[PDB]
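Trainee:
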Amino acid sequence: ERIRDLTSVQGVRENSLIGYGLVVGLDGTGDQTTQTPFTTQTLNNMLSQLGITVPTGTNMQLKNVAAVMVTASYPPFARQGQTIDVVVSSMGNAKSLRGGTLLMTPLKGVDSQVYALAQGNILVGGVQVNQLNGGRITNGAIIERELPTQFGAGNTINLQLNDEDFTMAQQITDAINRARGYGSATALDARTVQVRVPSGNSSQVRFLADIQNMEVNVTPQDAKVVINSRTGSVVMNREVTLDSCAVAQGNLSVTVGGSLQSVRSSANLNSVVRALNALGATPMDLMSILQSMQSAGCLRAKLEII
Amino acid sequence: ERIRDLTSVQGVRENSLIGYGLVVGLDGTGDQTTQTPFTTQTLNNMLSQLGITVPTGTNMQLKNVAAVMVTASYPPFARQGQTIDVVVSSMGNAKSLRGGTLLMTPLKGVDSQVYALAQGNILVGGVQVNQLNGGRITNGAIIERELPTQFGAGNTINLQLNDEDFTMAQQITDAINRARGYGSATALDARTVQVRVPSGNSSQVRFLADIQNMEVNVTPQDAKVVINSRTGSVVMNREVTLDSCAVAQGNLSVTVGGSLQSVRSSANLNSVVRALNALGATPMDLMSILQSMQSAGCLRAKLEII
Amino acid sequence: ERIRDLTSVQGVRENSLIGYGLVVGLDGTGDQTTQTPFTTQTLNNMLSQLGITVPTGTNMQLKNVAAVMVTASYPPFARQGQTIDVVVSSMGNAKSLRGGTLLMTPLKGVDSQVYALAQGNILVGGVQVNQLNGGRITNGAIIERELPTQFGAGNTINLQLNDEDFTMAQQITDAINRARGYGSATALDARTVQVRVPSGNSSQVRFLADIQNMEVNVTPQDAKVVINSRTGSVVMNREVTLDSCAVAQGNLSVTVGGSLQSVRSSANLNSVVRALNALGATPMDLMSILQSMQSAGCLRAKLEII
Amino acid sequence: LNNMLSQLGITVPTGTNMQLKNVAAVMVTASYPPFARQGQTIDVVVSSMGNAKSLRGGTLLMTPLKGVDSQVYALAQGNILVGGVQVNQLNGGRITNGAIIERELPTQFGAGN
Amino acid sequence: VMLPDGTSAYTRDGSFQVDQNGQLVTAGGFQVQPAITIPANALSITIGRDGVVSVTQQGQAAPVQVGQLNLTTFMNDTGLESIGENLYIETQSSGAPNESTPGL
Amino acid sequence: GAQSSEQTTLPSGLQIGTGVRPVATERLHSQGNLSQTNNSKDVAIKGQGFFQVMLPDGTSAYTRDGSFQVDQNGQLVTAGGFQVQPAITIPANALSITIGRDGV
Amino acid sequence: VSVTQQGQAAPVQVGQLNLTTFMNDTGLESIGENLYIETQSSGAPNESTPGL
Amino acid sequence: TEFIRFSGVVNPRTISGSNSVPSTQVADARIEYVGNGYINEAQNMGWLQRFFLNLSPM
Amino acid sequence: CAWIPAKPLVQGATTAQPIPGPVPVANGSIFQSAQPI
């Protein structure tokens, strides 16, 4: 496995930008201005800024516009002239945003600073119906501000591991040391590996490029089972093992001769799957069976509800 | 069994983060603002922060947003730039969160400190219907704060055993001592094993990586039986044994010649299962039979209701 | 891959222009002036400017005009006499803008300065119905102002990479150095490459023209999976790999013998696709399966909800 | 719910409708195991308290688990799992590893003979 | 009258009311147009025969002009489509509404 | 509306209709005309205003009927044990109770 | 739809009673009980709030 | 002129909605509403009357 | 006289300065005890 696929650099980080905007067009299906006062107020503000002052007391019952929230992912090392994708979601009671246009919405960070400007055309999917109150604009946002970074300064860079593991950190450190000079990397904890790099942005970039594509074997992580209970999904790791036990579940019985089916000990995932299948049951029954089995032991893995 | 599969490190620990947020889009099916005052108030607060001040007296009857609670699992050794998965659950009367977007909700710990920022798109399952008021966002939360830790300091590390057992602790200590130098580990109780490690984060990480993947045999844990009584599940350990007895249950009789079926003594799980199956009964009847049998003896295991 | 296809120049940048205007004709289907006060007010302003002063108290119930917002993309190095395309979107309750005409709307930037003048005929598409409240005018806007630029000044030019990557920056720098003289380029971060160019607009233009068409190989980017959840789309990178695991999903079972289908380890995209297809399921079920699998591991890629 | 909102930073006016149906007040019970460590996790049982119809796919939010001495001994948060004519109990669920211990009980083990 | 849909209806009835926010609604909570807001301290209300509505504030010795209540004439009264609730709505048979102060 | 031909418009389409639903029953609040009972335990009002009363459940109702009484415990009741808000208790030792126009 | 409680002088909103409209009203088939069910000739039901 | 001064300690959880908190919810409530000018001077007792009030028997 | 020195029945300070609390132990847990009484 590549270092880039399971590790992230300390200085490289994403940010969240949020903003308010309006979508025009829509062939009707827009917000009901009677129940969405902010839409009309924002439209009046935009008109006044453009040079049109609508009297305060007016009907202003329009249906071709919808108040929306635009969310964007400020990428690491964002440049002033670059563009990013944005997601536009209806705010009021708009029926749909099929062919709407987002108009010059400022995208700000958590500090209330304008970091981007988003404007463009919304694209939405045209019994599993698509979401017509949420669309995506590709390259719809242009960056405006650049975040200062410490990259290139200092002599140590921290590689951060997703799903921290002491064995994973040790393997990464060993691979880095073997590829580079002696003492090039050192694990600080189960999730952080400090790598010594020469001073200079170019040198650090070259070192990171060399390190990222390195091949490191992935050791057995852990015996983990995931039960959704909301999407009816059960997933088992390759490391899961089953201890010998007997399980009885409602309406389930030996094929043949009755309830209390026996579960043979299984050391590998194939054996575990075969035994569970022999203990015939739907995924919903399997979730309860697994919960009870883990409670009683006989299940050498940790099960988590997602 | 691997040490990692049945033991946890003292310094490695998870935390719970909770926060409040809003979901936009949803193609309707949002909260009824009339019955959910906090949704409209939070939306007005967000609008005012963004720069729009809606008059206090207004209709504000929107249906494309839903007030939600976002829960996250702060992982051990969490880094500032890393991302974690979050779970979004409807708070008011929202019908569904099919294609909603979570907007910049701060995830705080039990100390009321902002530890993460969550924003992204909700994913929900598309007669066993899926949960449409609860979704998951993968990498939807970005960490903001890092918890100080004592890892790397001192010379002793405590391995904590799930489902404490004196035999398990002794086996773990013996395996650690055999693998490493003499006196490397010492059991402090049925659940804690203190291991001596050299000072230094790198040395401790290497020692923990070596220890975690060690193979340790699992001795017989205990004769335990688990009865759900809510999911109709019965599970028996491999160590359960049955003493000779006679059981009579409603509508149950000898196949053949009447009630009061005999239960032969069974030393192993296979014999216990065969005898119980011969005493033909559904799992619901089996639960009562097991309760009465344990009350009268004749059942060399402890039964727990889950 | 060409440098132009994956990099943008520092000085070259687009801008967003917005303006308000009116569309005439439409064979009816225009805004309802009763519910759209700004349309009548703007029409009266235009008439007064042209030399006709309509009394304040009048019916003015017209249906051949629609108030619209016009959006344009100010291109880099825009010249005074050049023309750009514009997008016109209905603002009020207009039914359609089939054959309308946009009349002399000023397009202004975020600084409230008139940067273009837009006027022309709207073109709109003539069960998937087209958007009749949004049209496009080709060459409908003529530029009026020119943005000052620093291009041609200094000796360094920054190439900005879309989807920043340390390996990508290193490859671009190496290609530039190999093509040009030694030390011609230097990577400053994962997204910026500083290139030394001779002083002078003509020399810089020649250098940029030479650099842009250069051929640079694209190294493996990352194992990324994209799930829409709104358009029912799932996309997997060529770098995605699948770890051995067992997955059970509602109504899904082994073809044959029941639930808990086994997923063989797959190193390449073809193997991953074949294994997932063997684990037969629709895209909606596949999204949940992928989420649970990634949560449990067994999926050597990062999945993002779009 | 109002107390939680106020703690998070939202103060709902005292006089309001607040007629919600996506939440249920529950009691969470846990078994503090012997020699419990600070970082370990335990299973919890969540039972409906009011008139909730079901807790099929609910989420338990940061409930403090206290002993008979009124001391917070654990923190429970997670997703409830409930069984999907013998119908299952839909007002009672179990969370595996849903509670993280916070306090450790002193013991005399290792002392004496 | 402005219907909760936002569309405009037209009623020839004056059995008006004042709601909790003080507006002139008409026997069913339908807001009249243009909006007329009675101040909370007003003690008496009169509608001048020309259509001017002015209330008597407390303490102040002057019936301040709070609004102008204007009528609407249609070229074709007969073509109005009745939707019940003593309301009529515009259809292209009646013609466009011509809103004017009473008398004019 | 509903044009029949390309040039005709068919004014005043056919509508049948139903019903005479009573939309409301309003309660005209005018000033009642006073009369002399020559009794101290009756107080009447001139103008707006109601007497507030704690109904046995704690919820405050209103009555424009100052036919008060005195109960065993000194409190002020209104024809059924309706205890005035705020609480005022009448001691037994006072002789004449006067309630001035300023309400004290 | 909203309800009024004993004392509370503000009607706590309790629900919304939506309507479902079909492309073809007549294509529906009857099943008795004054009930129609959606058929291939009726078109999928369009949920809406009343009055819109 | 009139000076209205307030001082106290407010718990940052009784603040409701539009950044408003009743004075009854503020601890250490110090409220002053004072005036100046001859209008305020006319409301002072006077030295001799004050002396008689504080010293004169009965 | 009203100027004679007097001691109000509510004697002592009417204010209490909140205690900052205890510095957290770097045990890896966000939760921190408060010295149970």
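Protein chains in written order, with UniProt numbering: chain A, 20 to 145, 155 to 284, 316 to 365; chain B, 20 to 145, 155 to 284, 316 to 365; chain C, 20 to 145, 155 to 284, 316 to 365; chain D, 62 to 145, 155 to 183; chain E, 105 to 208; chain F, 53 to 156; chain G, 157 to 208; chain H, 175 to 232; chain I, 22 to 58. Yeah, the Cβ is synthetic: ideal placement off N, Cα and C, and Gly gets one too.
Buried or exposed for F/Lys-93, please, with buried defined as at least 16 other CB atoms from any protein chain shown within 10 angstroms of its CB.
Mentor: Translated into the one-based positions of the sixth sequence, residue 93 of chain F becomes position 41. With fewer than 16 other Cβ atoms within 10 Å, it is exposed.
Trainee: Given a threshold of 16 other Cβ atoms within 10 Å of its Cβ, counted over all protein chains shown, does B/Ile-22 qualify as buried or as exposed?
Mentor: Numbered from 1 along the second sequence, position 3 holds the residue referred to as residue 22 of chain B. It counts as buried.
Trainee: Per DSSP, which one or two residues make a beta bridge with A/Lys-361?
Mentor: The residue given as residue 361 of chain A occupies position 302 in the first sequence. A/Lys-252, per the DSSP bridge assignment.
Trainee: Only counting runs of 4 or more residues, tell me where the alpha helix (DSSP H) segments fall wholly within the stretch 184-246 of chain A, in order along the chain.
Mentor: Whole alpha helix (DSSP H) segments, 4+ residues: 194-207, 229-240.
Trainee: Between G/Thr-205 and G/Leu-173, what straight-line distance do the alpha-carbon atoms span, to the nearest angstrom?
Mentor: Here residue 205 of chain G refers to the residue found at position 49 of the seventh sequence. Here residue 173 of chain G refers to the residue found at position 17 of the seventh sequence. Their Cα atoms are separated by approximately 7 Å.
Trainee: Determine the direct distance from the alpha carbon of B/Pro-248 to that of C/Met-343, and round the result to whole angstroms.
Mentor: Locating residue 343 of chain C in the third sequence gives position 284, where the first residue counts as 1. Locating residue 248 of chain B in the second sequence gives position 220, where the first residue counts as 1. The alpha-carbon atoms of C/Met-343 and B/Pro-248 are separated by roughly 44 Å.
Trainee: Is the beta carbon of C/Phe-57 sitting closer than 9 Å to the one on A/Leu-236?
Mentor: For the purposes of this step, residue 57 of chain C is taken as residue 38 along the third sequence, with counting starting at 1. For the purposes of this step, residue 236 of chain A is taken as residue 208 along the first sequence, with counting starting at 1. Cβ atoms of C/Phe-57 and A/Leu-236: not closer than 9 Å.
Trainee: Within the chosen definition, does the stretch 170-177 of chain B reach the stretch 96-105 of chain B through at least 3 CB pairs nearer than 8 Å?
Mentor: In short, these stretches touch, since the Cβ pair count reaches three.
Trainee: Ignoring anything shorter than 3 residues or poking outside the stretch 24-97 of chain C, list the beta strand (DSSP E) runs there in chain order.
Mentor: Segments of the beta strand (DSSP E) lying fully in the stretch 24-97 of chain C: 26-28, 34-43, 84-93.
Trainee: Closer than 9 Å, Cβ to any Cβ of chain H: which residues of the stretch 122-134 of chain D, in chain order?
Mentor: For the stretch 122-134 of chain D, which is checked against every Cβ of chain H, not one residue is closer than 9 Å.
Trainee: If I measure Cβ to Cβ from E/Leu-184 and keep anything under 6 Å in the same chain, skipping five residues before and after, which residues do I get?
Mentor: The residue given as residue 184 of chain E occupies position 80 in the fifth sequence. Contacts found: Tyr-192, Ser-198.
Trainee: Looking at the C-beta of B/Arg-23, does it have a partner C-beta in chain C at a distance below 9 Å?
Mentor: For the purposes of this step, residue 23 of chain B is taken as the residue at position 4 of the second sequence. No, its Cβ sits nowhere closer than 9 Å to a Cβ of chain C.
Trainee: I'd like to check one pair, A/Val-244 with A/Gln-277: are the Cβ atoms closer than 9 Å?
Mentor: Here residue 277 of chain A is taken as the residue at index 249 of the first sequence, counted from 1. Here residue 244 of chain A is taken as the residue at index 216 of the first sequence, counted from 1. Going by C-beta atoms, A/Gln-277 is not nearer than 9 Å to A/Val-244.
Trainee: Measuring alpha carbon to alpha carbon, tell me which of C/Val-84, C/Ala-340, C/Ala-86 ends up nearest C/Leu-280.
Mentor: Looking up residue 280 of chain C in the third sequence gives position 252. Of C/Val-84, C/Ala-340, C/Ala-86, the residue nearest in Cα terms is C/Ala-340.
Trainee: What residue range is occupied by the uninterrupted alpha helix (DSSP H) comprising C/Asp-344?
Mentor: One-based indexing of the third sequence puts residue 344 of chain C at position 285. That run of the alpha helix (DSSP H) goes 342-354.
Trainee: Quick one: what's got a C-beta closer than 7 Å to C/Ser-231's C-beta in the same chain, skipping five residues either side?
Mentor: Taking the first residue of the third sequence as position 1, residue 231 of chain C is located at position 203. Correct list, in chain order: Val-225.
Trainee: Buried or exposed: where does F/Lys-98 fall if 16 or more other Cβ atoms within 10 Å of its Cβ makes it buried?
Mentor: As a working mapping, residue 98 of chain F is identified with position 46 in the sixth sequence. It is exposed - the Cβ of F/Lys-98 has fewer than 16 other Cβ atoms within 10 Å.
Trainee: Would you kindly work out how many angstroms separate the C-alpha atoms of C/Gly-356 and C/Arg-323, rounded to a whole number?
Mentor: Within the third sequence, the letter at position 297 stands for residue 356 of chain C. Within the third sequence, the letter at position 264 stands for residue 323 of chain C. One C-alpha to the other measures close to 14 Å.
Trainee: Which residue comes first and which comes last in the alpha helix (DSSP H) that contains H/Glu-215?
Mentor: By 1-based counting over the eighth sequence, the position of residue 215 of chain H is 41. Counting along the chain, the alpha helix (DSSP H) containing H/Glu-215 begins and ends at 211-215.
Trainee: Considering only C-alpha positions, which residue in the set B/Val-332, B/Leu-187, B/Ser-272 is nearest to B/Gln-240?
Mentor: The count along the second sequence starts at 1 and reaches residue 240 of chain B at position 212. The shortest Cα separation from B/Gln-240 among B/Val-332, B/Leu-187, B/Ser-272 belongs to B/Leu-187.
Trainee: One question on the structure: do B/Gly-40 and B/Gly-118 come within less than 9 Å of each other, judged by their Cβ atoms?
Mentor: Here residue 40 of chain B corresponds to residue number 21 of the second sequence, with the count starting at 1. Here residue 118 of chain B corresponds to residue number 99 of the second sequence, with the count starting at 1. For B/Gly-40 and B/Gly-118, no; Cβs fall outside 9 Å.
Trainee: If you draw a straight line from the C-alpha of B/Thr-220 to the C-alpha of B/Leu-189, how long is it?
Mentor: Here the question's residue 220 of chain B lines up with position 192 in the second sequence. Here the question's residue 189 of chain B lines up with position 161 in the second sequence. Each residue's alpha carbon lies about 6 Å from the other.
Trainee: Does the Cβ of H/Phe-226 have 16 or more other Cβ atoms within 10 Å, making it buried, or fewer, making it exposed?
Mentor: In the eighth sequence, counting from the first residue as 1, residue 226 of chain H sits at position 52. It is exposed - the Cβ of H/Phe-226 has fewer than 16 other Cβ atoms within 10 Å.
Trainee: How big is the Cα-Cα spacing for A/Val-331 and A/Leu-362?
Mentor: Sequence index remark: in the first sequence, residue 331 of chain A carries index 272 (1-based). Sequence index remark: in the first sequence, residue 362 of chain A carries index 303 (1-based). Distance between the alpha carbons of A/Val-331 and A/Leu-362 is about 15 Å.
Trainee: Determine the direct distance from the alpha carbon of B/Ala-197 to that of B/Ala-215, and round the result to whole angstroms.
Mentor: Locating residue 215 of chain B in the second sequence gives position 187, where the first residue counts as 1. Locating residue 197 of chain B in the second sequence gives position 169, where the first residue counts as 1. Those two C-alpha atoms are separated by around 6 Å.
Trainee: Output yes if chain B places a C-beta closer than 9 Å to the C-beta of C/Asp-344; else output no.
Mentor: Numbered from its first residue, the third sequence carries residue 344 of chain C at position 285. Yes - at least one Cβ of chain B is within 9 Å of the one on C/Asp-344.
Trainee: If D/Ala-137 and D/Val-105 are in contact, beta carbons under 8 Å, what's the gap, nearest whole angstrom?
Mentor: If you number the fourth sequence from 1, residue 137 of chain D lands on position 76. If you number the fourth sequence from 1, residue 105 of chain D lands on position 44. Indeed, because the Cβ distance is near 5 Å, the residues count as touching under 8 Å.
Trainee: Do you know how far the Cα of B/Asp-130 is from the Cα of B/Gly-38?
Mentor: One-based indexing of the second sequence puts residue 38 of chain B at position 19. One-based indexing of the second sequence puts residue 130 of chain B at position 111. The alpha-carbon atoms of B/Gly-38 and B/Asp-130 are separated by roughly 12 Å.
Trainee: Per DSSP, residue 366 of chain A forms a beta bridge with which residues?
Mentor: Residue 366 of chain A lies beyond the residue range present for chain A, which begins at 20 and ends at 365; the question has no answer from this structure.
Trainee: Here's the rule I'm using: 16 or more other beta-carbon atoms within 10 Å means buried, otherwise exposed. How should I/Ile-40 be labelled?
Mentor: The residue you call residue 40 of chain I lines up with position 19 of the ninth sequence. I/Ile-40 comes out exposed.
Trainee: Note down the Cα distance separating B/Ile-171 from I/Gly-42, rounded to an integer number of angstroms.
Mentor: One-based indexing of the second sequence puts residue 171 of chain B at position 143. One-based indexing of the ninth sequence puts residue 42 of chain I at position 21. So the two alpha carbons sit approximately 26 Å from each other.
Trainee: Given that a residue counts as buried once 16 or more other Cβ atoms are within 10 Å of its Cβ, and exposed if not, what is C/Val-157?
Mentor: For the purposes of this step, residue 157 of chain C is taken as the residue at position 129 of the third sequence. C/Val-157 is exposed by the Cβ-count criterion.
Trainee: For A/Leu-328, name the three-state secondary structure that DSSP assigns.
Mentor: Indexing the first sequence from 1 puts residue 328 of chain A at position 269. DSSP places A/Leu-328 in helix when its eight states are reduced to three.
Trainee: Using the Cα positions of C/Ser-351 and C/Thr-259, report the straight-line distance between them to the nearest angstrom.
Mentor: On the third sequence, residue 351 of chain C is found 292 positions in, with the first residue counted as 1. On the third sequence, residue 259 of chain C is found 231 positions in, with the first residue counted as 1. Cα to Cα, the separation comes out at about 20 Å.
Trainee: To the nearest whole angstrom, what separates the beta carbons of residue 149 of chain D and D/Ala-85, a pair I think is in contact under 8 Å?
Mentor: A break in chain D separates 145 from 155, and the residue in question, residue 149 of chain D, sits inside that break with no coordinates.
Trainee: What is the DSSP secondary structure of E/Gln-164, reduced to helix, strand or coil?
Mentor: Taking the fifth sequence and counting its residues from 1, one reaches residue 164 of chain E at position 60. The answer is coil: DSSP assigns E/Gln-164 none of H, G, I, E or B.
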